[PDB]
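Please treat every number below as a calculation from the coordinates, not as lab data. With ideal geometry, Cβ positions are generated from the backbone for all residues, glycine too; neighbour counts draw on all protein chains shown.
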Amino acid sequence: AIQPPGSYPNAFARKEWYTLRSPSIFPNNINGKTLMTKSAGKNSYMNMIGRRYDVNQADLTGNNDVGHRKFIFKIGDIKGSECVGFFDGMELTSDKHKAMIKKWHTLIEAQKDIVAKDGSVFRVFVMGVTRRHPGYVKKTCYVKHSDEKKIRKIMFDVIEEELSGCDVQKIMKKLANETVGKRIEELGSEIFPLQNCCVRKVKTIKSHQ
Amino acid sequence: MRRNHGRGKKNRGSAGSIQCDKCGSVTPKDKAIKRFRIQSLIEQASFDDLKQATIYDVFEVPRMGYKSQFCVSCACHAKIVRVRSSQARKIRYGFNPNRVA
Amino acid sequence: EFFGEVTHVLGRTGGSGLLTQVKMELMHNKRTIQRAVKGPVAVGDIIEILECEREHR
Amino acid sequence: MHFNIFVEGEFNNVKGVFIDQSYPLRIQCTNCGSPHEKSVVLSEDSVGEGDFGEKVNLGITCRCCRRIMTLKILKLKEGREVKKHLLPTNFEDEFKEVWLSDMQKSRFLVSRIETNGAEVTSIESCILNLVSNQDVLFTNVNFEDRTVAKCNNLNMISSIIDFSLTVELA
Amino acid sequence: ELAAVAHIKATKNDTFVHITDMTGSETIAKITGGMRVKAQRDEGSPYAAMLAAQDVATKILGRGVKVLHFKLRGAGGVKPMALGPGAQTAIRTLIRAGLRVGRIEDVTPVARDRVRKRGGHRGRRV
RNA sequence: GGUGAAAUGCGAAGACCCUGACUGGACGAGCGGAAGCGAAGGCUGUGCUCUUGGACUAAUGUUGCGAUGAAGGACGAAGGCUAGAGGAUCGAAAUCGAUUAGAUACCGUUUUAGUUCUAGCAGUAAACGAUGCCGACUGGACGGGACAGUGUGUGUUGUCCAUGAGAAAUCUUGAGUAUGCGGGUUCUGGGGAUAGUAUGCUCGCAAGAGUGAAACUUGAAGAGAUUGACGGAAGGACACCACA
Ligand SMILES: [Zn+2]
């Protein structure tokens, strides 16, 4: 109590609890509760539409070697006493992201848009680092500038022949198996050996759902 | 005093500047003192109580890396870097990126 | 309560040389463990505990 | 952090009060919680020095927190708090001099302290002075342990019931 | 059980202990060490972060919360970005009151091309 | 919130903190280095386009068309000035609050010109490797960057050791090649201070830049290194006239 006693001038019990449910692709569909302040009688609950939450991929699908990835959902409907989410994004956790950048190596990055089947638009960011072969004795491992411009062209083609006009139910299937990070690492390693190729992040620019 | 003249710059005119992390003064990037560290996200005198609190059967505590950047006055005062004798001034220490683990 | 017998004297590291680091060896189930004590300890001594879950280093 | 000293109770035929600016108290260290195990005396003629060399009244080194702690007395500047008065005397202009605070909220303001690093939590005693409603001054009024001061101006009774001293943050 | 999130901001001054929903849009408790002391110098010390994480413990522990996912931060931006002293002592005080622990993360704000900050060409000469 | 610690100042018309949407200027982190490019000043997001350089590789063309360079010309950090546009952050000047013997200062609060873009003027820097340009000749060791070959070569470049040089500190494609003194061709200095000041002239909207004295004064001013004394300097040992 920093201030003197007077110088400058139960509602929790009358609240509600709902349940957040994610898309049925992942086994673990139920992910927690969410409150709601009952503003008025017959309160329009369009104040609860637009909220946004994330869950770790090691919790949607019980498994431990994929706990470095997240999915981000956005509320879009209420059914009784239960909320529903829609796919909204994806990212890596900041501690795992930092561990891929290395002193004395090159970092290549690209980005691109795609269009789903219903018309929703997404931006996709991709990543990669150079690799040392098994008899390396120099201090640096750097690619020439004209050869990063060739690997970047390849990254634009892999992004758009897999993630293109196609339903959103399977765009969440190949973002969970690392399908895009594995094509980049063989088509691209014929110009220079690479490592740590992955999708870095996904944004929603304009959704329909 | 030094054959560097105090900074690692060769065969270029200008080299870009930064603002010090403690006082905020403007310095060349090749002259600043730079340090890298990896710290655990949770303190080490707290690991036992965290093994009974966890709900998952397998947990890894995270680690983050931090690069710092100071000026000559702020690194000398903070004892990040000390006065050396005439001959010991010439010793450089590195990292060796080809170490096995 | 529990017990343990000191078997190595690592060093004296206190604010003013007050505490002394040590390496105990619990006896109800053998487990080396680090620990900081306060009195004049020697080797072979057996100290008490009332909870064995910290290592201090 | 500034503190204020007050006198409370119901006043009967009183006009003003004033301490002599020297009294014991009890402190305790911020950042620690540990309290000082003695009662220190905070006079106004004492001298000291802080960390930057400023001139304070008292200086203590907090044992746990391991720093210096300072206290010093302010004077209740004379334009808004003390409101100079006079009193009677012999036939030529003696007119004894006194300063007396104002009874704002059923209590009188008597002192003001400025503190760094420490914190006052109580005050033990003082030297009280009473001023009658008209002109007579009682000095060193021996207050009871039962908290009722009382003195007589040869006929009448000026007295204070429910007497106590407090310390409020300002 | 029932899980909530704990946003914990800890800098050189004044740790925060703020507990919210899973969406993050509904507050269940919010007590900052700094409304536990009377000296401005000690709003951000480890003793005031323990007085603050004990009130938040008893309150939400009766409001039904059982599990906590953490999100830590410094000050980021053009300010110094590293956790302060009263960070680690608010986490250890909630783990003992009885709560369990989920995921842990660091969410400090990162300037990727900043603005100019205080001091000038010579810095703050104290 | 910020401080060694606080004060002015902001907060119940709901601050700070957590969340859904937007707007605007500026900037281009990490990767980022004794790595690259440009005449120098300088230049780090991605994709297009118009322009540019040096090296390398070769039985291509030409045939001495070259080196240096008072006078002349173009470019040139930051601040400043003239017009329009713009306005996030920071911030001279002004202003209060502290500190102080006093602070028109260091530290802080309120608040500006400026900081950005387009079109120009101006012409200065510890514009520094404090290190003219071109040509001949000269030991080792460990590297980098480009091209070409195949176990090496040419152009560039970083570190470390001799010989040699130097007043020394130090220098290694030069600060080496003998007072054993001459390869071609320029500029600048001639004890200190007066003083880059007066005056004339040329240029500029101005602020100023370029060129540039004397009377009078005076025995040293200066470079590099040696041993001491001192530091509101850093370490390593110690001591119940130090702590625990
Ligand atoms: Zn600094």
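Report every pair of residues separated by at least 6 positions or lying on different chains whose Cβ atoms are under 7 Å apart, first residue within the stretch B:49-63 and facing another protein chain (nearest Cβ under 8 Å) and over 19 Å from C:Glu51 (Cβ atoms), second in a helix (DSSP H, G or I) and not basic (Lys, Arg).
B:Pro62/A:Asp95; B:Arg63/A:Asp95
Suppose the filter is among the hydrophobic types (A, V, I, L, M, F, W, C) and within 16 Å of the ligand (Cβ to nearest atom); does B:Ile55 pass it?
Spelling it out, it is not the case that B:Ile55 is among the hydrophobic types (A, V, I, L, M, F, W, C) and within 16 Å of the ligand (Cβ to nearest atom).
How many of the residues making up the stretch D:38-74 are surrounded by fewer than 16 Cβ atoms within 10 Å (Cβ to Cβ), part of a loop (DSSP other than H, G, I, E, B) and among the β-branched types (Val, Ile, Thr)?
Final tally of qualifying residues: 1.
Looking at (1) within 16 Å of RNA strand F (Cβ to nearest atom); (2) of a type outside the set (A, V, I, L, M, F, W, C); (3) buried (at least 16 other Cβ atoms within 10 Å of the Cβ), find the lone condition where B:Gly65 falls short.
(3)
So how many residues does the stretch B:30-52 have that are away from the ligand (no atom under 14 Å from the Cβ) and more than 30 Å from E:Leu99 (Cβ to Cβ)? Before you say what the answer is, go through the steps one by one.
Initially, the stretch B:30-52 is screened for residues away from the ligand (no atom under 14 Å from the Cβ), giving B:30, B:36-52.
Among the residues that remain, those that are also more than 30 Å from E:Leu99 (Cβ to Cβ) are: B:30, B:36-37.
Residues that pass the stated criteria total 3.
Does B:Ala32 count as under 26 Å from A:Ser94 (Cβ atoms), surrounded by 14 or more Cβ atoms within 10 Å (Cβ to Cβ) and under 13 Å from the mean Cα position of the chain (by Cα)? I'd like the intermediate steps shown before the answer.
Working: under 26 Å from A:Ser94 (Cβ atoms): yes; surrounded by 14 or more Cβ atoms within 10 Å (Cβ to Cβ): yes; under 13 Å from the mean Cα position of the chain (by Cα): yes.
The answer is yes for B:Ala32.
Every residue, every condition in (1) farther than 21 Å from D:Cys65 by Cβ; (2) buried (at least 16 other Cβ atoms within 10 Å of the Cβ); (3) touching a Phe, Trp or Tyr at 6+ places or on another chain (Cβ under 8 Å), yes or no:
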{"residue": "E:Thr27", "(1), (2), (3)": "yes, no, no"}
{"residue": "E:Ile31", "(1), (2), (3)": "yes, yes, no"}
{"residue": "E:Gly34", "(1), (2), (3)": "no, yes, no"}
{"residue": "E:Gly44", "(1), (2), (3)": "no, yes, no"}
{"residue": "E:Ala52", "(1), (2), (3)": "no, yes, no"}
{"residue": "E:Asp55", "(1), (2), (3)": "yes, no, no"}
{"residue": "E:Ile60", "(1), (2), (3)": "yes, yes, no"}
{"residue": "E:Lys66", "(1), (2), (3)": "yes, no, no"}
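Please work out if D:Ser111 is of a type in the set (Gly, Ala, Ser) and part of a strand (DSSP E or B).
Numbers: of a type in the set (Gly, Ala, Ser): yes; part of a strand (DSSP E or B): yes.
Yes: the conditions hold for D:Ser111.
Which ones in the stretch D:72-112 are farther than 26 Å from A:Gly6 by Cβ and among the acidic types (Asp, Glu)?
D:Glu78, D:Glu92, D:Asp93, D:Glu94, D:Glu97
Anything in the stretch D:16-31 that is part of a loop (DSSP other than H, G, I, E, B) and under 29 Å from E:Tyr47 (Cβ atoms)? List them, or say none. Can you show your working first?
Just the residues of the stretch D:16-31 that are part of a loop (DSSP other than H, G, I, E, B), to begin with: D:18-21, D:29-31.
The answer is D:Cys29, D:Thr30, D:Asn31.
Output the strands (runs of 3 or more DSSP E) that fall wholly within the stretch C:1-40 and possess 1 or more residues being among the charged types (D, E, K, R) and surrounded by 15 or more Cβ atoms within 10 Å (Cβ to Cβ), or say none.
On the way: elements: C:3-5, C:8-11, C:20-26, C:31-37.
Strands (runs of 3 or more DSSP E) meeting the threshold: C:20-26, C:31-37.
All but one of (1) surrounded by 14 or more Cβ atoms within 10 Å (Cβ to Cβ); (2) in contact with a helix residue (DSSP H, G or I) (Cβ under 9 Å, 6 or more places away or on another chain); (3) more than 12 Å from chain B (Cβ to nearest Cβ) hold for A:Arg131; which doesn't?
If we test A:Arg131 against (1) surrounded by 14 or more Cβ atoms within 10 Å (Cβ to Cβ); (2) in contact with a helix residue (DSSP H, G or I) (Cβ under 9 Å, 6 or more places away or on another chain); (3) more than 12 Å from chain B (Cβ to nearest Cβ), just (2) comes out false.
Restricting attention to the stretch A:134-159, which residues are of a type in the set (A, V, I, L, M) and exposed (fewer than 11 other Cβ atoms within 10 Å of the Cβ)? Reasoning before the result, please.
If we filter the stretch A:134-159 for residues that are of a type in the set (A, V, I, L, M), which is where we start, we get A:137, A:143, A:151, A:154-155, A:158-159.
Once the filter is applied, which keeps residues that are of a type in the set (A, V, I, L, M) and exposed (fewer than 11 other Cβ atoms within 10 Å of the Cβ), the stretch A:134-159 yields only A:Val137.
I'm trying to understand the selection: among the residues of the stretch B:10-29, which are within 16 Å of the ligand (Cβ to nearest atom), loosely packed, with under 15 Cβ neighbours inside 10 Å and either at positive phi or small (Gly, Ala, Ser) (or both)? If you could, list the steps in order and put the result at the bottom.
At the first step, the residues of the stretch B:10-29 found to be within 16 Å of the ligand (Cβ to nearest atom) are B:17-29.
Narrowing the set further to residues that are loosely packed, with under 15 Cβ neighbours inside 10 Å leaves B:17, B:29.
Answer for the stretch B:10-29, where residues must be within 16 Å of the ligand (Cβ to nearest atom), loosely packed, with under 15 Cβ neighbours inside 10 Å and either at positive phi or small (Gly, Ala, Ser) (or both): just B:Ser17.
Just give me the residues in the stretch B:22-42 being touching a helix residue (DSSP H, G or I) at 6+ places or on another chain (Cβ under 8 Å) and either under 9 Å from B:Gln69 (Cα atoms) or of a type in the set (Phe, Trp, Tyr) (or both), in sequence order.
Listed by number, the residues that qualify are B:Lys22, B:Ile33.
Restricting the search to the stretch A:13-34, which residues are within 16 Å of RNA strand F (Cβ to nearest atom) and over 25 Å from the mean Cα position of the chain (by Cα)?
A:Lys15
D:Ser122 passes all but one of (1) farther than 27 Å from D:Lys150 by Cβ; (2) surrounded by 13 or more Cβ atoms within 10 Å (Cβ to Cβ); which number fails?
Looking at each condition in turn, D:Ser122 falls short on (1).
In this structure, does A:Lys206 turn out to be more than 23 Å from the chain's Cα centre (by Cα) and loosely packed, with under 13 Cβ neighbours inside 10 Å?
On the way: more than 23 Å from the chain's Cα centre (by Cα): no; loosely packed, with under 13 Cβ neighbours inside 10 Å: yes.
Judged against the criteria, A:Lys206 is not a match.
May I ask you to list the residues in the stretch D:146-170 that are of a type outside the set (S, T, N, Q) and within 23 Å of D:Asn4 (Cα to Cα)? So that I can check it myself, show each step before the final result.
Step one: filter the stretch D:146-170 for residues of a type outside the set (S, T, N, Q), giving D:146, D:148-151, D:154, D:156-157, D:160-163, D:165, D:167-170.
D:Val148, D:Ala149, D:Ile160, D:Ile161, D:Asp162, D:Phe163, D:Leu165, D:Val167, D:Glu168, D:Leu169, D:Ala170 - these are the residues of the stretch D:146-170 that are of a type outside the set (S, T, N, Q) and within 23 Å of D:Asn4 (Cα to Cα).
Please go through the stretch B:45-62 and pick out each residue that is among the acidic types (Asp, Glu) and surrounded by 14 or more Cβ atoms within 10 Å (Cβ to Cβ).
Of all residues in the stretch B:45-62, those among the acidic types (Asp, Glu) come to B:48-49, B:57, B:60.
Answer for the stretch B:45-62, where residues must be among the acidic types (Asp, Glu) and surrounded by 14 or more Cβ atoms within 10 Å (Cβ to Cβ): just B:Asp49.
Which of the residues belonging to the stretch A:12-29 are assigned to a loop (DSSP other than H, G, I, E, B) and within 13 Å of chain E (Cβ to nearest Cβ)? Before the answer, list the steps.
Quick first cut of the stretch A:12-29, residues assigned to a loop (DSSP other than H, G, I, E, B) only: A:12-14, A:22-29.
Across the stretch A:12-29, the qualifying residues are A:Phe12, A:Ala13, A:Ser22.
Quick check on the stretch A:195-209. Is at least one of its residues more than 26 Å from A:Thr61 (Cα to Cα) and charged (D, E, K, R)?
The first filter runs over the stretch A:195-209 and keeps only residues more than 26 Å from A:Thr61 (Cα to Cα), leaving A:205-206, A:208.
From what's left, charged (D, E, K, R): A:206.
The answer is yes, given that some residue of the stretch A:195-209 is more than 26 Å from A:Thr61 (Cα to Cα) and charged (D, E, K, R).
Condition check: under 30 Å from E:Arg116 (Cα atoms), surrounded by 20 or more Cβ atoms within 10 Å (Cβ to Cβ) and either within 16 Å of the ligand (Cβ to nearest atom) or hydroxyl-bearing (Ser, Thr, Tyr) (or both). Does E:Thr23 satisfy that? It would help to see each step written out before you state the result.
Working: under 30 Å from E:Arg116 (Cα atoms): no; surrounded by 20 or more Cβ atoms within 10 Å (Cβ to Cβ): yes; either within 16 Å of the ligand (Cβ to nearest atom) or hydroxyl-bearing (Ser, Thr, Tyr) (or both): yes.
No.
Report, by residue number, each residue of the stretch A:86-110 that is of a type in the set (S, T, N, Q) and surrounded by fewer than 16 Cβ atoms within 10 Å (Cβ to Cβ). Break it down stepwise before answering.
Kept after step one, since they are of a type in the set (S, T, N, Q), are these residues of the stretch A:86-110: A:93-94, A:106.
A:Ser94 - this is the single residue of the stretch A:86-110 that is of a type in the set (S, T, N, Q) and surrounded by fewer than 16 Cβ atoms within 10 Å (Cβ to Cβ).
Looking at A:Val84, A:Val121, A:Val66, A:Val126, can you tell me which residue is closer than 30 Å to A:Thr34 by Cα, in contact with a helix residue (DSSP H, G or I) (Cβ under 9 Å, 6 or more places away or on another chain) and aliphatic (A, V, I, L, M)?
Values: A:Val84 fails: in contact with a helix residue (DSSP H, G or I) (Cβ under 9 Å, 6 or more places away or on another chain); A:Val121 fails: in contact with a helix residue (DSSP H, G or I) (Cβ under 9 Å, 6 or more places away or on another chain); A:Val126 fails: closer than 30 Å to A:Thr34 by Cα.
Every option except A:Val66 fails the conditions.
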